[PDB]
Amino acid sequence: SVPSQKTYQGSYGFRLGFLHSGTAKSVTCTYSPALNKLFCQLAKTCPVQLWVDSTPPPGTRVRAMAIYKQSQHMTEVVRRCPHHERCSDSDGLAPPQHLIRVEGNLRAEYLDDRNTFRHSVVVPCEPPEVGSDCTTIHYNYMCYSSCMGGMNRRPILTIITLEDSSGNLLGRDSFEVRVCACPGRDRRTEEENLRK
């Protein structure tokens, strides 16, 4: 089955936010509002902001999952390729098969769904640091979009869900992801193609 990608703010007014990192050739992570698409280098830090209009209950959690964007691939589980799943680059917490990791959160949990077999990573929802207006999660993407035997050049979507302590839906947002060597150039290219 295919998880929903329907944007849903819910009772707490949940939505994502992204930094404005620009498109210099050196940039390692950059987000295109026009394309709703994050472009990032392999295994580099991707800051994703969580915004709400009101405080969700204690025990609320935030889950990330990847799916293929194209209709003809949506039913296939997104996973790391046969090379990267074996490169012994685990942080001690993430299963080496998982495309999406959360960086620097000891409370991150990794799920292999017993029915859909899809992978996800989930952390507790927490208020912002004192002085900040939103909470930031740092994600890593552990294969290139081009990885043979894995994503193999197929575009993916990351779906971020706000959940209660039982796993019930409270909110949902999503964005496309390309993991590539030069995110700055690729974002410039794709934005120009869109303008045409």
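Numbers follow the displayed sequence, beginning with 1.
- Mean CA temperature factor is higher for 149 to 157 when stretches 39 to 47 and 149 to 157 are set side by side in the entry.
- In this entry, 126 to 134 shows the higher mean Cα temperature factor of the pair 62 to 70 and 126 to 134.
- Of the candidates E85, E109, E76, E103, it is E76 whose Cα B-factor is highest according to the PDB record.
- Of the residues listed, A24, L19, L16, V179, the entry assigns the biggest Cα temperature factor to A24.
- Among the modelled residues of the chain, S90 sits in the highest third by CA temperature factor in this PDB entry.
- Ranked by Cα temperature factor within the chain, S166 sits in the highest third according to the deposited record.
- Per the PDB record, residue ranking by Cα B-factor puts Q97 in the middle third of the chain.
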